[PDB]
Amino acid sequence: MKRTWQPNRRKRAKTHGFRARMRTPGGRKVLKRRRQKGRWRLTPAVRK
Amino acid sequence: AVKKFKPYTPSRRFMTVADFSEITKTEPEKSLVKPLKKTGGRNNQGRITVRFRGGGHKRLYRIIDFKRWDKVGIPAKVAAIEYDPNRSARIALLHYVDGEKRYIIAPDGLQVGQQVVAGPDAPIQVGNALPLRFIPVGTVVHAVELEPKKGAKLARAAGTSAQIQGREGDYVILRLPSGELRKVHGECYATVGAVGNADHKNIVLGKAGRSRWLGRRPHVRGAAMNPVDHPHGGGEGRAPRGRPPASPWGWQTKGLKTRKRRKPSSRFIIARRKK
RNA sequence: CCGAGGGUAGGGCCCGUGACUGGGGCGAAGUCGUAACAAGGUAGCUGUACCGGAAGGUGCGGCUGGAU
RNA sequence: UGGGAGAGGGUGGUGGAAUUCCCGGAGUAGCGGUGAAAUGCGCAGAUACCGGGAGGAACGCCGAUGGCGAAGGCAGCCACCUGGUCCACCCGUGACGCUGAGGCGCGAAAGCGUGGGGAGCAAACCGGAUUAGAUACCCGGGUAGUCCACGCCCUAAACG
RNA sequence: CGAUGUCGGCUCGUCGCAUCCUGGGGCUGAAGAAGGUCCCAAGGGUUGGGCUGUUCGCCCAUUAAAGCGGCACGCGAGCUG
RNA sequence: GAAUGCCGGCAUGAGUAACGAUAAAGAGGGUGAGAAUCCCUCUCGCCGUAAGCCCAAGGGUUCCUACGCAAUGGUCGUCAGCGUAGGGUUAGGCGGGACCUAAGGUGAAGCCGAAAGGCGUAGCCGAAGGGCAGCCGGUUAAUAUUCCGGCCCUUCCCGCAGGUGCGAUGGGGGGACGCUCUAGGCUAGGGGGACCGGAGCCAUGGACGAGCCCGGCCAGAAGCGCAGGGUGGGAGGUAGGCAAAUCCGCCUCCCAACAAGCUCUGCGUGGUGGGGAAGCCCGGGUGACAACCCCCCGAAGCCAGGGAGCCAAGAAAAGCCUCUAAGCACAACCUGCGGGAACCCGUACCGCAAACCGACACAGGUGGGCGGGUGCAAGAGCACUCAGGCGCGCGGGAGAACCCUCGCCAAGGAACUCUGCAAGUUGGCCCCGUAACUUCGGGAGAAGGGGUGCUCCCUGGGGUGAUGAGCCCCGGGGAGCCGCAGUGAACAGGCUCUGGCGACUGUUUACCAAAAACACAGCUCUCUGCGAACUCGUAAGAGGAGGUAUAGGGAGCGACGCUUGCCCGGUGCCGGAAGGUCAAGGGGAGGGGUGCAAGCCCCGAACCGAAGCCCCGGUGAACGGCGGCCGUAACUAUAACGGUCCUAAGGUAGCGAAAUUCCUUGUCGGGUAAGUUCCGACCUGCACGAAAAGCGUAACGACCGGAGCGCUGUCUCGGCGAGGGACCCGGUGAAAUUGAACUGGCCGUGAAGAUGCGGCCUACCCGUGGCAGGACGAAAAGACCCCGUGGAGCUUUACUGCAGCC
RNA sequence: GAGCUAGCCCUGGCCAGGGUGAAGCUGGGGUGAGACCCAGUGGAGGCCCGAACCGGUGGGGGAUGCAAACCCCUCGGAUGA
Ligand SMILES: CC[C@H]1OC(=O)[C@H](C)[C@@H](O[C@H]2C[C@@](C)(OC)[C@@H](O)[C@H](C)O2)[C@H](C)[C@@H](O[C@@H]2O[C@H](C)C[C@H](N(C)C)[C@H]2O)[C@](C)(O)C[C@@H](C)C(=O)[C@H](C)[C@@H](O)[C@]1(C)O
Ligand SMILES: [Mg+2]
Ligand SMILES: [Mg+2]
Ligand SMILES: [Mg+2]
Ligand SMILES: [Mg+2]
Ligand SMILES: [Mg+2]
Ligand SMILES: [Mg+2]
Ligand SMILES: [Mg+2]
Ligand SMILES: [Mg+2]
Ligand SMILES: [Mg+2]
Ligand SMILES: [Mg+2]
Ligand SMILES: [Mg+2]
Ligand SMILES: [Mg+2]
Ligand SMILES: [Mg+2]
Ligand SMILES: [Mg+2]
Ligand SMILES: [Mg+2]
Ligand SMILES: [Mg+2]
Ligand SMILES: [Mg+2]
Ligand SMILES: [Mg+2]
Ligand SMILES: [Mg+2]
Ligand SMILES: [Mg+2]
Ligand SMILES: [Mg+2]
Ligand SMILES: [Mg+2]
Ligand SMILES: [Mg+2]
Ligand SMILES: [Mg+2]
Ligand SMILES: [Mg+2]
Ligand SMILES: [Mg+2]
Ligand SMILES: [Mg+2]
Ligand SMILES: [Mg+2]
Ligand SMILES: [Mg+2]
Ligand SMILES: [Mg+2]
Ligand SMILES: [Mg+2]
Ligand SMILES: [Mg+2]
Ligand SMILES: [Mg+2]
Ligand SMILES: [Mg+2]
Ligand SMILES: [Mg+2]
Ligand SMILES: [Mg+2]
Ligand SMILES: [Mg+2]
Ligand SMILES: [Mg+2]
Ligand SMILES: [Mg+2]
Ligand SMILES: [Mg+2]
Ligand SMILES: [Mg+2]
Ligand SMILES: [Mg+2]
Ligand SMILES: [Mg+2]
Ligand SMILES: [Mg+2]
Ligand SMILES: [Mg+2]
Ligand SMILES: [Mg+2]
Ligand SMILES: [Mg+2]
Ligand SMILES: [Mg+2]
Ligand SMILES: [Mg+2]
Ligand SMILES: [Mg+2]
Ligand SMILES: [Mg+2]
Ligand SMILES: [Mg+2]
Ligand SMILES: [Mg+2]
Ligand SMILES: [Mg+2]
Ligand SMILES: [Mg+2]
Ligand SMILES: [Mg+2]
Ligand SMILES: [Mg+2]
Ligand SMILES: [Mg+2]
Ligand SMILES: [Mg+2]
Ligand SMILES: [Mg+2]
Ligand SMILES: [Mg+2]
Ligand SMILES: [Mg+2]
Ligand SMILES: [Mg+2]
Ligand SMILES: [Mg+2]
Ligand SMILES: [Mg+2]
Ligand SMILES: [Mg+2]
Ligand SMILES: [Mg+2]
Ligand SMILES: [Mg+2]
Ligand SMILES: [Mg+2]
Ligand SMILES: [Mg+2]
Ligand SMILES: [Mg+2]
Ligand SMILES: [Mg+2]
Ligand SMILES: [Mg+2]
Ligand SMILES: [Mg+2]
Ligand SMILES: [Mg+2]
Ligand SMILES: [Mg+2]
Ligand SMILES: [Mg+2]
Ligand SMILES: [Mg+2]
Ligand SMILES: [Mg+2]
Ligand SMILES: [Mg+2]
Ligand SMILES: [Mg+2]
Ligand SMILES: [Mg+2]
Ligand SMILES: [Mg+2]
Ligand SMILES: [Mg+2]
Ligand SMILES: [Mg+2]
Ligand SMILES: [Mg+2]
Ligand SMILES: [Mg+2]
Ligand SMILES: [Mg+2]
Ligand SMILES: [Mg+2]
Ligand SMILES: [Mg+2]
Ligand SMILES: [Mg+2]
Ligand SMILES: [Mg+2]
Ligand SMILES: [Mg+2]
Ligand SMILES: [Mg+2]
Ligand SMILES: [Mg+2]
Ligand SMILES: [Mg+2]
Ligand SMILES: [Mg+2]
Ligand SMILES: [Mg+2]
Ligand SMILES: [Mg+2]
Ligand SMILES: [Mg+2]
Ligand SMILES: [Mg+2]
Ligand SMILES: [Mg+2]
Ligand SMILES: [Mg+2]
Ligand SMILES: [Mg+2]
Ligand SMILES: [Mg+2]
Ligand SMILES: [Mg+2]
Ligand SMILES: [Mg+2]
Ligand SMILES: [Mg+2]
Ligand SMILES: [Mg+2]
Ligand SMILES: [Mg+2]
Ligand SMILES: [Mg+2]
Ligand SMILES: [Mg+2]
Ligand SMILES: [Mg+2]
Ligand SMILES: [Mg+2]
Ligand SMILES: [Mg+2]
Ligand SMILES: [Mg+2]
Ligand SMILES: [Mg+2]
Ligand SMILES: [Mg+2]
Ligand SMILES: [Mg+2]
Ligand SMILES: [Mg+2]
Ligand SMILES: [Mg+2]
Ligand SMILES: [Mg+2]
Ligand SMILES: [Mg+2]
Ligand SMILES: [Mg+2]
Ligand SMILES: [Mg+2]
Ligand SMILES: [Mg+2]
Ligand SMILES: [Mg+2]
Ligand SMILES: [Mg+2]
Ligand SMILES: [Mg+2]
Ligand SMILES: [Mg+2]
Ligand SMILES: [Mg+2]
Ligand SMILES: [Mg+2]
Ligand SMILES: [Mg+2]
Ligand SMILES: [Mg+2]
Ligand SMILES: [Mg+2]
Ligand SMILES: [Mg+2]
Ligand SMILES: [Mg+2]
Ligand SMILES: [Mg+2]
Ligand SMILES: [Mg+2]
Ligand SMILES: [Mg+2]
Ligand SMILES: [Mg+2]
Ligand SMILES: [Mg+2]
Ligand SMILES: [Mg+2]
Ligand SMILES: [Mg+2]
Ligand SMILES: [Mg+2]
Ligand SMILES: [Mg+2]
Ligand SMILES: [Mg+2]
Ligand SMILES: [Mg+2]
Ligand SMILES: [Mg+2]
Ligand SMILES: [Mg+2]
Ligand SMILES: [Mg+2]
Ligand SMILES: [Mg+2]
Ligand SMILES: [Mg+2]
Ligand SMILES: [Mg+2]
Ligand SMILES: [Mg+2]
Ligand SMILES: [Mg+2]
Ligand SMILES: [Mg+2]
Ligand SMILES: [Mg+2]
Ligand SMILES: [Mg+2]
Ligand SMILES: [Mg+2]
Ligand SMILES: [Mg+2]
Ligand SMILES: [Mg+2]
Ligand SMILES: [Mg+2]
Ligand SMILES: [Mg+2]
Ligand SMILES: [Mg+2]
Ligand SMILES: [Mg+2]
Ligand SMILES: [Mg+2]
Ligand SMILES: [Mg+2]
Ligand SMILES: [Mg+2]
Ligand SMILES: [Mg+2]
Ligand SMILES: [Mg+2]
Ligand SMILES: [Mg+2]
Ligand SMILES: [Mg+2]
Ligand SMILES: [Mg+2]
Ligand SMILES: [Mg+2]
Ligand SMILES: [Mg+2]
Ligand SMILES: [Mg+2]
Ligand SMILES: [Mg+2]
Ligand SMILES: [Mg+2]
Ligand SMILES: [Mg+2]
Ligand SMILES: [Mg+2]
Ligand SMILES: [Mg+2]
Ligand SMILES: [Mg+2]
Ligand SMILES: [Mg+2]
Ligand SMILES: [Mg+2]
Ligand SMILES: [Mg+2]
Ligand SMILES: [Mg+2]
Ligand SMILES: [Mg+2]
Ligand SMILES: [Mg+2]
Ligand SMILES: [Mg+2]
Ligand SMILES: [Mg+2]
Ligand SMILES: [Mg+2]
Ligand SMILES: [Mg+2]
Ligand SMILES: [Mg+2]
Ligand SMILES: [Mg+2]
Ligand SMILES: [Mg+2]
Ligand SMILES: [Mg+2]
Ligand SMILES: [Mg+2]
Ligand SMILES: [Mg+2]
Ligand SMILES: [Mg+2]
Ligand SMILES: [Mg+2]
Ligand SMILES: [Mg+2]
Ligand SMILES: [Mg+2]
Ligand SMILES: [Mg+2]
Ligand SMILES: [Mg+2]
Ligand SMILES: [Mg+2]
Ligand SMILES: [Mg+2]
Ligand SMILES: [Mg+2]
Ligand SMILES: [Mg+2]
Ligand SMILES: [Mg+2]
Ligand SMILES: [Mg+2]
Ligand SMILES: [Mg+2]
Ligand SMILES: [Mg+2]
Ligand SMILES: [Mg+2]
Ligand SMILES: [Mg+2]
Ligand SMILES: [Mg+2]
Ligand SMILES: [Mg+2]
Ligand SMILES: [Mg+2]
Ligand SMILES: [Mg+2]
Ligand SMILES: [Mg+2]
Ligand SMILES: [Mg+2]
Ligand SMILES: [Mg+2]
Ligand SMILES: [Mg+2]
Ligand SMILES: [Mg+2]
Ligand SMILES: [Mg+2]
Ligand SMILES: [Mg+2]
Ligand SMILES: [Mg+2]
Ligand SMILES: [Mg+2]
Ligand SMILES: [Mg+2]
Ligand SMILES: [Mg+2]
Ligand SMILES: [Mg+2]
Ligand SMILES: [Mg+2]
Ligand SMILES: [Mg+2]
Ligand SMILES: [Mg+2]
Ligand SMILES: [Mg+2]
Ligand SMILES: [Mg+2]
Ligand SMILES: [Mg+2]
Ligand SMILES: [Mg+2]
Ligand SMILES: [Mg+2]
Ligand SMILES: [Mg+2]
Ligand SMILES: [Mg+2]
Ligand SMILES: [Mg+2]
Ligand SMILES: [Mg+2]
Ligand SMILES: [Mg+2]
Ligand SMILES: [Mg+2]
Ligand SMILES: [Mg+2]
Ligand SMILES: [Mg+2]
Ligand SMILES: [Mg+2]
Ligand SMILES: [Mg+2]
């Protein structure tokens, strides 16, 4: 049947993207934490 | 003149529609219309602040003229009379000899192609807007301003009116559509006559979907819910209220007045409503 | 081909009968009340509506076939 | 043809008394109610009195053994739309009339539908009293209904 | 109770005998026929239906008779639900 | 050495189940170390409103070519979406941007909030909506409306000429709109031709024929032709369109009016550029100077913003046109022509799937367009086929049980069973016919029947054309032929009677319940006079609503019919300036602590003193409630009638052993041979009842009951058959479970149901196919039950508090 | 975290074919005028049948599955909430 993952590049970037994180205080701390842990990518990759 | 149907479906048995006989123009004035945002009963927070709303017919909001003291002494001609979906009442298109076009709401008996007017020296004639004080005591009147020059507030929906009982200084004594006796400033503009399309209440909606056309989503009783949702929720099988009948939020819905008893306008309310 | 009639299916009218149920007529001496004929003890009767164990009572309008 | 009477019918208006309710004034210990009384209402200021206000219904006197309509029935007052009828004159058509199975229409009250409206009245119902009982007659309340619009019902001691 | 699936039905049997029938007996208030009661006997047999989830029970039609119990109220790693 | 321990390695089950749709295969010839599996041909089968082709999401080199086969592929592999390397995506016209707005987002101003932050008019952003200029063919192993060929169009810059009051983010017009039905005329596409072009073919008994087979077009600027859309012209007045305005709006007059004129679209034609079949031959070459015509069907697409009617009344903004304002009229704008300028991003490939979403090359999920022909009444239904694409990445045999999916069945015909569960039956079209009841629609396709093909003759009317032929669409009459059978295959109701519940179409427990539940129109109560009530929010602000009591919130009931009775004592709600109770605050009689004293400091009664409660009413479609005992009639029996205690009042109409009735399978009646169910009645209703509505109700229902007919493998009672498995052979090869095991029956014993102890009995060793009685078999640290001073959801006149309101 | 799911908002798209034949309009009758009756035209409807599409009634299979909800046969809606 219809599973839960229904990829949508516009949905992905406008929800978990870089510019969506820097706007809110929580999304900034998400960026701080991942930038602290040493993640290779702080935001989901999507070729647009 | 409500319209009956032959019962050729289960729902055509009682469904009734308006007559539309007083309608003389079947499309709005492109100059006097604007987009109407369907909110769905959801405020700026997005949340439903009025339940069971949405999914009705798209409409265009026609600008109605509730401040007729804008144009004093300029005889407008009653151009046409048109359906308005944002109201119970009908709307009349006016061609002021000024050249400006406006929508007023159509009182009863008002005929297409008649001159109407507004002002202190206007005739007491169906469709004219005078300050309340200059209307002779004992004349039904619609589209009443509450406070002066803030807009027409009382007597607007279908068939309604308002009698003027008497005067008392800077205030007149109006009998509202709801039988209340309030005092309203005499300088408040009003339109003489009852609102048309009085047959509006006799309309039998006829079937569930018709209510859905009007933006009314289905209403679900509290007695059908669970205690997490309503005072009336729960019970094994059916159940009476089991407590004072209550709204979802807890307050009692049988008799409990909610008008603020320190409200300033109380000084201007002679008598609370009838019936 | 038509054809007596036989078969299938569905109707229409009448008759008889049916747990039970509705009032009806009748029946020497049953129970409760007293509505009506006297102004019958609230003048009666009436069409209707509603109520009441029962006769009846009452609202509305009508009749005198009502008294002094 | 010219005249006349009339609550004839319908519409639209409108006028005064009355009762109830609301507001002010003034005023105090009872009012109300009956065969008597109790209910009930009244020191939380009733009743009785004056002024103001709203609302509905009904038309005192005239009024009559009266007048109109085919019957049911019709009553303040004005106006508009309208029926019947009678009288004068002897002008016109020349039996064109009478009755009426069916048909159609009208049809008090009560009742019904959808709306409105609601002062007084009042089936239902409640209470007091009477009483053996009193699902009554008497008394205090009181809902439909009584009123309007439209739409049904079509019965009657619809009787002279 | 770190689980022994819980009624009844179907299927498949198997055993007990305190025997419903068939076989053998004694007593009979056993004339015959047909019954009653008890004793021996478990080899075989012990029907089809209406009603109810029912077991059971009543009822229809038969029958030589339409037996009563055990097998985790036998049998859901065999079915049903 | 044990923690259903942790991490890892390796076992067991096991050469076992399986290897993913039952659409299906076979042979020959190649390649190669090796071939059922790759290549090629031939034959067979499968999809064909798809299993074909073209877009969009999403995926991201998977595309093409060479070279490979360790692993990936459920087997194999020479093959591949795999590995290695090289190659491949070309735009002014397609899509997006340099254009416009939608919800929403953001947000100068402004507002608000401890902080963070929340709002918010404009404005900005935001598209699969608006606007906008390319069609056809050829070329590559791989891209093409992108390269190339032909014929077209757009914008920006500069220039010449002509013309004009030029001029905008400002005013106006326009853009600009729904649902259903639908006219004319076209095209898309298709059917036929005895007309034209073509490699050929004559079989196996006939046919050298009006034979068979194949094809018979696509694109096109100006002009013209047909069909539509859009649109009045003039002048006078002008206070309105937030300055102006010659435009727009309103008023008068003039002529034009169903036209016409102008403007713009589509279709046709059109200079010209293209395409061009089978067959034969090695994608190509031939065919071929290929031919390129006539008739017919004909859209849901085009003309388009057409027309009609309806109610629920149907985005915005820019482009474009118009008006003018500063400014300027050596400029600037409109037109025509010329030259020049024209950027960024996407372009491979897959795309109902082996490349997307499902951990997998997974029978599942995935929006748009094209979707050919014949037949069956129609059609996107169904069968068979075109183009195209496939035979589903394990095979070969065998012909057991048993399982699945399927076919048939003697006599019976529901006897099956909880139940006709399941499977039969019926099955589309035309005509005949058709009941109670009803809200007059319906019930209804009620029921029940007749017809159905193929040939000949006669004939009626329609579309085109022209009025004829010709094709084409509806038919009507007569006479015949064949079969068991003429919707001969495929697709396609079993019917009726009677109850309960819900009026109905609708909605629901995604993944055990689709229902009698929710919703519903409709009735009532109540709240709310607008800065409404109510809701969200700390607030600002939103919603309500750009609504105004014929309106909005809340609550019960649930179309409709006839109806809804008594109780206000308690509880809620409403009304009541009296009375009483009452907090801070006021008052300060009267005392106290200290101090030499002035004074400072504390306690402090009467009395004034809200809401709330008390108290007086009202009020039920507010929460709710609606008795008991004793007696009585001229047969018995039963009590209309009485008597008495109690009540706030003692259950009204109507219903009734009921979705409710315990005793109960109540009693009687019907249906049956027989009826715990069913239906009709009765009424001592354990324990109905009137908007948690009462009693009915035509219609409706994948709801739950009872009955009957039809028809049956459901059964008596089973038999045979088909294919997919099971079975044997080659290939690949799991799992849960498992203390170790050399793992029999009985009768005992034992923590009370023993393979493991005792006694006796039986028993050579190891398998394979099977059946499930046991291993208190596996699975899940029992969901029941208890226990824990464990948890959580829910409730209230439990405690306590908080928001909110007073 | 609303790329599943529930609702709402904005903007688009989708619903073969066949049946029934509401009001209206026209004509005829009718009447003082009417109501009304009949006929044709008309093409209404949470109308009827049935694909796509949306569902998920009954049964069977599947149950270390093709699948952590699927397959086959039946069945509901299908211009509307
Ligand atoms: C399909 C596949 C599933 O199997 C079933 O659904 C069967 C049909 C259940 O019966 C279902 C259905 C039913 C009626 O069982 C007959 C009922 O008992 C309950 C509701 O579970 C089983 C067996 C249940 O066992 C039962 O547990 C019971 C608590 C008691 C009983 N025990 C004493 C032996 C035992 O049989 C139980 C719990 O689900 C097993 C656990 C381990 C599971 O959850 C496993 C993973 C199952 O989901 C499953 C195997 O995937
Ligand atoms: Mg889903
Ligand atoms: Mg999605
Ligand atoms: Mg996207
Ligand atoms: Mg998105
Ligand atoms: Mg976001
Ligand atoms: Mg973002
Ligand atoms: Mg911060
Ligand atoms: Mg910060
Ligand atoms: Mg890095
Ligand atoms: Mg992140
Ligand atoms: Mg109607
Ligand atoms: Mg009718
Ligand atoms: Mg109207
Ligand atoms: Mg606009
Ligand atoms: Mg709004
Ligand atoms: Mg917002
Ligand atoms: Mg709300
Ligand atoms: Mg809402
Ligand atoms: Mg309104
Ligand atoms: Mg209106
Ligand atoms: Mg005022
Ligand atoms: Mg209504
Ligand atoms: Mg509603
Ligand atoms: Mg609407
Ligand atoms: Mg509801
Ligand atoms: Mg509930
Ligand atoms: Mg519930
Ligand atoms: Mg919640
Ligand atoms: Mg609660
Ligand atoms: Mg409750
Ligand atoms: Mg419930
Ligand atoms: Mg209950
Ligand atoms: Mg409940
Ligand atoms: Mg319920
Ligand atoms: Mg209740
Ligand atoms: Mg209760
Ligand atoms: Mg409450
Ligand atoms: Mg509140
Ligand atoms: Mg009021
Ligand atoms: Mg014979
Ligand atoms: Mg007497
Ligand atoms: Mg007397
Ligand atoms: Mg009485
Ligand atoms: Mg007193
Ligand atoms: Mg009044
Ligand atoms: Mg004469
Ligand atoms: Mg006569
Ligand atoms: Mg009357
Ligand atoms: Mg009394
Ligand atoms: Mg006494
Ligand atoms: Mg009185
Ligand atoms: Mg009458
Ligand atoms: Mg008389
Ligand atoms: Mg246990
Ligand atoms: Mg264990
Ligand atoms: Mg013997
Ligand atoms: Mg003897
Ligand atoms: Mg003997
Ligand atoms: Mg013996
Ligand atoms: Mg024996
Ligand atoms: Mg038997
Ligand atoms: Mg039994
Ligand atoms: Mg029993
Ligand atoms: Mg014998
Ligand atoms: Mg036994
Ligand atoms: Mg035992
Ligand atoms: Mg067992
Ligand atoms: Mg036992
Ligand atoms: Mg037992
Ligand atoms: Mg057992
Ligand atoms: Mg089982
Ligand atoms: Mg069992
Ligand atoms: Mg068992
Ligand atoms: Mg140890
Ligand atoms: Mg552990
Ligand atoms: Mg471990
Ligand atoms: Mg490990
Ligand atoms: Mg290992
Ligand atoms: Mg080992
Ligand atoms: Mg091995
Ligand atoms: Mg094995
Ligand atoms: Mg397996
Ligand atoms: Mg396979
Ligand atoms: Mg298949
Ligand atoms: Mg091979
Ligand atoms: Mg090989
Ligand atoms: Mg090959
Ligand atoms: Mg096809
Ligand atoms: Mg990927
Ligand atoms: Mg390999
Ligand atoms: Mg290999
Ligand atoms: Mg190899
Ligand atoms: Mg290698
Ligand atoms: Mg695989
Ligand atoms: Mg090789
Ligand atoms: Mg640029
Ligand atoms: Mg923009
Ligand atoms: Mg913000
Ligand atoms: Mg954005
Ligand atoms: Mg766009
Ligand atoms: Mg473009
Ligand atoms: Mg091309
Ligand atoms: Mg072109
Ligand atoms: Mg020039
Ligand atoms: Mg110009
Ligand atoms: Mg200009
Ligand atoms: Mg401009
Ligand atoms: Mg518009
Ligand atoms: Mg649009
Ligand atoms: Mg519509
Ligand atoms: Mg057309
Ligand atoms: Mg073309
Ligand atoms: Mg064709
Ligand atoms: Mg040739
Ligand atoms: Mg030959
Ligand atoms: Mg001007
Ligand atoms: Mg050549
Ligand atoms: Mg289409
Ligand atoms: Mg169009
Ligand atoms: Mg806008
Ligand atoms: Mg100059
Ligand atoms: Mg650029
Ligand atoms: Mg580029
Ligand atoms: Mg490309
Ligand atoms: Mg598919
Ligand atoms: Mg698709
Ligand atoms: Mg593929
Ligand atoms: Mg999966
Ligand atoms: Mg996943
Ligand atoms: Mg595969
Ligand atoms: Mg797949
Ligand atoms: Mg084709
Ligand atoms: Mg063919
Ligand atoms: Mg057909
Ligand atoms: Mg091919
Ligand atoms: Mg074999
Ligand atoms: Mg062999
Ligand atoms: Mg198959
Ligand atoms: Mg057959
Ligand atoms: Mg048979
Ligand atoms: Mg038979
Ligand atoms: Mg049966
Ligand atoms: Mg059986
Ligand atoms: Mg069942
Ligand atoms: Mg069949
Ligand atoms: Mg019948
Ligand atoms: Mg009939
Ligand atoms: Mg019937
Ligand atoms: Mg009936
Ligand atoms: Mg009928
Ligand atoms: Mg039909
Ligand atoms: Mg028929
Ligand atoms: Mg038939
Ligand atoms: Mg025939
Ligand atoms: Mg033939
Ligand atoms: Mg069929
Ligand atoms: Mg059918
Ligand atoms: Mg029953
Ligand atoms: Mg239901
Ligand atoms: Mg239903
Ligand atoms: Mg009902
Ligand atoms: Mg009903
Ligand atoms: Mg529906
Ligand atoms: Mg539900
Ligand atoms: Mg469920
Ligand atoms: Mg569930
Ligand atoms: Mg789930
Ligand atoms: Mg779940
Ligand atoms: Mg299920
Ligand atoms: Mg359920
Ligand atoms: Mg259903
Ligand atoms: Mg309903
Ligand atoms: Mg109702
Ligand atoms: Mg009401
Ligand atoms: Mg608003
Ligand atoms: Mg409401
Ligand atoms: Mg109902
Ligand atoms: Mg009825
Ligand atoms: Mg009470
Ligand atoms: Mg009280
Ligand atoms: Mg009370
Ligand atoms: Mg006092
Ligand atoms: Mg107080
Ligand atoms: Mg009541
Ligand atoms: Mg209670
Ligand atoms: Mg109580
Ligand atoms: Mg005596
Ligand atoms: Mg009653
Ligand atoms: Mg009973
Ligand atoms: Mg019984
Ligand atoms: Mg009942
Ligand atoms: Mg009961
Ligand atoms: Mg019983
Ligand atoms: Mg019995
Ligand atoms: Mg019987
Ligand atoms: Mg019964
Ligand atoms: Mg009894
Ligand atoms: Mg009940
Ligand atoms: Mg109740
Ligand atoms: Mg109840
Ligand atoms: Mg019913
Ligand atoms: Mg249903
Ligand atoms: Mg159903
Ligand atoms: Mg049954
Ligand atoms: Mg049956
Ligand atoms: Mg049968
Ligand atoms: Mg069988
Ligand atoms: Mg076989
Ligand atoms: Mg072998
Ligand atoms: Mg092997
Ligand atoms: Mg392998
Ligand atoms: Mg060992
Ligand atoms: Mg052994
Ligand atoms: Mg023992
Ligand atoms: Mg033992
Ligand atoms: Mg042993
Ligand atoms: Mg020992
Ligand atoms: Mg031993
Ligand atoms: Mg084996
Ligand atoms: Mg076993
Ligand atoms: Mg077993
Ligand atoms: Mg076992
Ligand atoms: Mg076991
Ligand atoms: Mg076991
Ligand atoms: Mg176990
Ligand atoms: Mg376990
Ligand atoms: Mg467990
Ligand atoms: Mg545990
Ligand atoms: Mg435990
Ligand atoms: Mg326990
Ligand atoms: Mg504990
Ligand atoms: Mg403890
Ligand atoms: Mg404790
Ligand atoms: Mg605890
Ligand atoms: Mg807790
Ligand atoms: Mg707090
Ligand atoms: Mg979603
Ligand atoms: Mg559709
Ligand atoms: Mg359809
Ligand atoms: Mg038909
Ligand atoms: Mg029309
Ligand atoms: Mg239609
Ligand atoms: Mg259907
Ligand atoms: Mg299913
Ligand atoms: Mg589904
Ligand atoms: Mg499962
Ligand atoms: Mg399926
Ligand atoms: Mg199927
Ligand atoms: Mg279906």
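Quick rundown of the values:
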quantity: Mean separation of Cα contacts under 8 Å (6+ apart) over length of the range B:180-275, as relative contact order %; calculated: 34 percent
quantity: Computed over the range B:83-145: relative contact order in percent, which uses C-alpha pairs under 8 Å that are six or more apart; calculated: 19 percent
quantity: 5 angstrom amide H check on B:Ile104, placed H, neighbours 5+ away; calculated: B:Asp65, B:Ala92, B:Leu94
quantity: Candidates B:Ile64, B:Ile48, B:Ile74, ranked by Gaussian network fluctuation over chain B, Cα under 10 Å, top entry; calculated: B:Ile48
quantity: Percentage relative contact order, chain B, counting C-alpha pairs under 8 Å, at least six apart; calculated: 17 percent
quantity: Cβ-Cβ FRET estimate between B:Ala208 and B:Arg133, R0 fixed at 35 Å, reported to 0.05; calculated: 0.10
quantity: Karplus (6.51, -1.76, 1.60) ³J(HN,Hα), θ = phi - 60°, over the range B:110-119, in Hz, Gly and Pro reported as x; calculated: 4, 9, 5, x, 10, 7, 10, 7, 8, x
quantity: Partner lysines for A:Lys48 [C-alpha distance under 29 Å; skip if fewer than 8 residues away on the same chain]; calculated: A:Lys2, A:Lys11, A:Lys14, A:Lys29, A:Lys32, A:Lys37
quantity: Under 16 Å from B:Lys67, Cα to Cα: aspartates and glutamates that are on another chain or at least 8 residues apart; calculated: B:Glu100, B:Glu145, B:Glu147, B:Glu187
quantity: Normalised convex hull volume, chain B, alpha-carbon set, Å³ per residue; calculated: 180 Å³
quantity: Interchain or long-range residues, amide H under 5 Å from B:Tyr61's placed H; calculated: B:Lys34, B:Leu36
quantity: Label point distance in nm, B:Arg12-B:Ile124, each placed 7 Å from Cα along Cα→Cβ; calculated: 4.9 nm
quantity: Cross-link pairs beyond the 18 Å C-alpha cut-off, checked among B:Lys201/B:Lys254; B:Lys71/B:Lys150; B:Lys254/B:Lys275; B:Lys71/B:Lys149; calculated: B:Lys201/B:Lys254
quantity: Span from the the range B:9-53 Cα centroid across to the the range B:168-203 one, whole angstrom; calculated: 25 Å
quantity: Computed FRET value (nearest 0.05) for A:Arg3 with B:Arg51, which takes r as the C-beta separation and R₀ as 25 Å; calculated: 0.15
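As a convention, Cβ positions derive from the backbone with ideal geometry for all residues, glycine included, and neighbour counts pool all protein chains shown. Readers should treat all values here as calculations from the given coordinates under stated rules, not as data from a laboratory.
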